[PDB]
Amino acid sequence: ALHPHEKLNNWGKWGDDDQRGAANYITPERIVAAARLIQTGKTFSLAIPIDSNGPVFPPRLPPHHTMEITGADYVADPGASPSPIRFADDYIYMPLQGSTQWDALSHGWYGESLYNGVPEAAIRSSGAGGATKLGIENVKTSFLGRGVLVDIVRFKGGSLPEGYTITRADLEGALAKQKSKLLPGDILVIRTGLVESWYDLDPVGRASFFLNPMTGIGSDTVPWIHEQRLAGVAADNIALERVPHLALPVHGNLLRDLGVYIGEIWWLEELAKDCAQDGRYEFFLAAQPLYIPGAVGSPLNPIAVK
């Protein structure tokens, strides 16, 4: 299930000091080509709402929004704070892996080294620099380029059964049905439907949700991802890889060996409906991370533009 590093890796492909990995496949020419896909100006946000009500993998805590001062305060007391202008201010506490996200190459690995031989000792507490190598700031202008939706739900004409493993054949079959063709630097966005089952669940159902096996991609997608020179793979599930009822070889192979970024908890329902209606599954994607030095991932609001 875990592909041997020596037979399948991108270490050294972009130099022995590179910290960007497969983001290097997104070059200026790939961005210009993506821009030519903005023909209609349609836009879609591929994020879930950042609030305390969304899926987040235990033991991670849900994002938590609080206000510092509100409109209600001025109803209560017109004389709040220091001028005729009235204002509201707020705060957030959240896991950076707590919502729609990119995971950096510093997020996961196996053994004592990360992508391109970076030692795990380089990934420290925040007060010691956090991810001092392979931090998400290395890709603060990346993931703006060409995106491609693969709608596995519509390809399967049904429910992915509980814990279904999405294969190479499934991905290629869906792209063929769509008459889509991948290019180097593409960000692949996979619709599994899993997040579309969350919000209707009651509290017991939401506990069960994470105890269940969960649909996602399998090990035989990893050579394909390498062959297609994708920069990142995102999905509308929580762990990208299929999760059983714990090896996680796809995480290890993508992040450490290929230097390919992982996107999770994206929201693809409205994008997928639009692509079904206009037949265009390739689009311009603005999926830049936040500029967070030493972080091992970021929340974002990916925008698909057609």
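We number the residues from 1 along the sequence you see.
In this entry, residue 245 is separated from residue 246 by 4 to 9 residues of the deposited sequence that have no coordinates. Counting the deposited residues that fall between residue 157 and residue 158 and carry no coordinates gives zero.
For the pair 11 to 19 and 293 to 301, the record assigns the higher mean C-alpha temperature factor to 11 to 19. Comparing the deposited coordinates for 54 to 62 and 251 to 259, the stretch with the larger average C-alpha B-factor is 54 to 62. The entry lists C-alpha B-factors for 171, 144, 231, 75, and the highest of these is at 75. As recorded in the entry, 79 carries the highest CA temperature factor of 119, 216, 135, 79. Sorting the modelled residues of the chain by their CA temperature factor places residue 278 in the highest third. In the deposited entry, the Cα temperature factor of residue 27 sits in the top third of values across the chain's modelled residues. Residue 270: CA B factor lies in the middle third for its chain, per the PDB record. Remark: residue 236 belongs to the lowest third of its chain, ranked by C-alpha B-factor as recorded. Annotation for residue 198: C-alpha temperature factor in the middle third relative to the rest of the modelled chain, per the entry.
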